[PDB]
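Colleague: Each step along the sequence shown adds one to the number in the deposited numbering, with nothing skipped, and position 66 is 68.
Even for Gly, the Cβ is constructed at its ideal location relative to N, Cα and C.
Sending over a structure as structure tokens; questions will come in a sec.
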Amino acid sequence: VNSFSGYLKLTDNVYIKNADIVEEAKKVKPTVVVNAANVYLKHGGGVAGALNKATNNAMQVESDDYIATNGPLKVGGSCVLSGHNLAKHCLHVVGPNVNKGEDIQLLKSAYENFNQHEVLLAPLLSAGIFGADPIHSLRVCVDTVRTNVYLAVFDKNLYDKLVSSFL
Ligand SMILES: OC[C@H](CC1OCCO1)Nc1ncnc2[nH]ccc12
Ligand SMILES: [Cl-]
């Protein structure tokens with residue numbers, strides 16, 4: 003039993019809800035919140051920009067130190083950093099950004115990072131400003147993640163379409 007409330011069960015372990023991931027994280031304070039990161043951990047917009055804003059830019063400061071030490075992430079890769087005031091940890095995961103010409107097959111590799119954590123609050127990878135088909139992102143999530151994932155979808159119109167089109 004966990005404190006995630008109001009989710010629709012798509013599968014044994016995949017759940018979905020229309021919610022602002024920032025407001026969800028602030029309410030639940032999950033062990034792991036997933037960020038829709040880029041390889042430079044530059045959290046300028048989308049989910050990443052909103053999560054970083056909610057930390058008063060502390061996420062960006064920590065991320066800049068991480069990059070200075072370790073260099074960029076790989077597309078499909080991840081790193082674990084602090085969750086600041088939002089969660090215990092933030093799993094920064096880089097899905098392919100279609101608007102940069104990155105291979106959509108890497109979306110499965112990106113979701114595989116979730117399997118290293120028993121429970122996560124997450125957005126749909128490569129959706130939104132990363133330019134992939136969100137119905138596809140949900141399909142890959144359900145077919146790749148085996149741990150318990152609570153998916154937050156900000157756009158209500160999109161949420162209804164994902165549910166009604168889910169197989
Ligand atoms: O796949 C990422 C989704 C994309 C979907 O389509 C257009 C907007 O929402 N973005 C978000 N999902 C959850 N919380 C969020 N906070 C800020 C952005 C955001
Ligand atoms: Cl987005």
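Over the uninterrupted beta strand (DSSP E) stretch that includes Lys-31, give me the two end residues.
Modeller: Unbroken run through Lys-31: none, as it is neither H nor E.
Colleague: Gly-48: beta carbon under 6 angstroms from a heavy atom of ligand 2?
Modeller: Correct: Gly-48 has its Cβ closer than 6 angstroms to ligand 2.
Colleague: Specify the secondary structure class of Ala-129 as computed by DSSP and reduced to three states.
Modeller: The answer is coil: DSSP assigns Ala-129 none of H, G, I, E or B.
Colleague: Tell me whether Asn-40 is buried or exposed, calling it buried when 16 or more other Cβ atoms sit within 10 Å of its Cβ.
Modeller: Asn-40 should be labelled buried.
Colleague: Using a threshold of 7 angstroms, state whether the C-beta atoms of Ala-27 and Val-34 are closer than that.
Modeller: No, the Cβ-Cβ distance between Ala-27 and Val-34 is not below 7 angstroms.
Colleague: With hydrogens ignored, establish whether the beta-carbon of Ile-131 is closer than 6 angstroms to any heavy atom of ligand 2.
Modeller: Within the cutoff, so yes.
Colleague: Tell me whether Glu-120 is buried or exposed, calling it buried when 16 or more other Cβ atoms sit within 10 Å of its Cβ.
Modeller: Per the 10 Å Cβ criterion, exposed.
Colleague: Between the Cα of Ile-23 and the Cα atoms of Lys-11, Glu-114, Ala-38 and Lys-102, which residue gives the shortest distance?
Modeller: Looking at the Cα atoms, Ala-38 is the closest of the given residues.
Colleague: Cα separation between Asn-58 and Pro-125?
Modeller: Cα-Cα distance, rounded: 20 angstroms.
Colleague: Please state whether DSSP places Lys-76 in a helix, a strand or coil.
Modeller: The answer is coil: DSSP assigns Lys-76 none of H, G, I, E or B.
Colleague: Does the distance from the CB of residue 1 to the CB of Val-77 come in under 7 angstroms?
Modeller: The structure shown does not extend to residue 1, since the chain is modelled only from 3 to 169, so the question has no answer here.
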